[PDB]
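Ligands are counted one by one from 1 in listed order, and the atoms in each one are counted from 1 as well. Counting begins at 1 with the first residue of the sequence.
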Amino acid sequence: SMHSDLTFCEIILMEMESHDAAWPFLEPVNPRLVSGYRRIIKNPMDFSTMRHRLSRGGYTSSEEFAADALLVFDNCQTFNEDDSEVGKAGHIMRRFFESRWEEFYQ
Ligand SMILES: CC(=O)c1c(C)[nH]c(C(=O)N[C@H]2CCCC[C@H]2n2cc(CO)nn2)c1C
């Protein structure tokens, strides 16, 4: 149901927000500090924005919630080198998200 889908999304988001590797993703990237970011990344996303939307009925399906989570990790992979601290954290967080998603939904 939508209710169970969104209940599970909230649990997964809480686990992501609390994860050791979540530090790059808790708040929107500030374009004033990261040259190129606003110009290059057309669809920015972060966990605080997801929490705002989720808490206010912004997601009507769990598929759309996952689309925003994957945007966080796709943007990170686009912009950051794989060996960088942020890039490494993105790979860790994507693997964690995918594993938890399959537990709850499949
Ligand atoms: C480019 C990128 O993909 C990225 C992500 C997803 N995360 C961060 C990040 O955490 N960078 C901090 C370290 C030094 C630069 C600025 C810091 N910082 C804070 C804010 C606003 O919170 N924006 N950038 C980056 C740099």
Checklist entry - Any side-chain heavy-atom pair from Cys9 and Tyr105 closer than 4.5 angstrom? => result yes

Checklist entry - Is there side-chain contact between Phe65 and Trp101, with heavy atoms separated by less than 4.5 Å? => result yes

Checklist entry - Which value, rounded to the nearest 0.5 Å, describes the distance between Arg94 atom CZ and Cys76 atom SG? => result 8.5 Å

Measure from every N or O atom of ligand 1 to the protein's N or O atoms and keep only the pairs below 3.5 Å, writing each with atom names and distance to 0.1 Å.
residue, atom, partner, partner atom, Å
ligand 1, 3 (O), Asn80, ND2, 2.8
ligand 1, 7 (N), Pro24, O, 2.8
ligand 1, 23 (N), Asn30, N, 2.9

Next on the checklist: Nearest 0.5 Å, please: how far is CE in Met14 from CG in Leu54?
Outcome noted: 12.0 Å

Item to check | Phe73 and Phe25 aromatic ring geometry - parallel, tilted or perpendicular at 30°/60° bounds | outcome: perpendicular

Item to check | Sequence neighbours excluded, every pair satisfying salt bridge (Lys or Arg N to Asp or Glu O under 4.0 Å) that has a member inside residues 42-58 | outcome: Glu10-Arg51, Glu17-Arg51, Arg53-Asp68

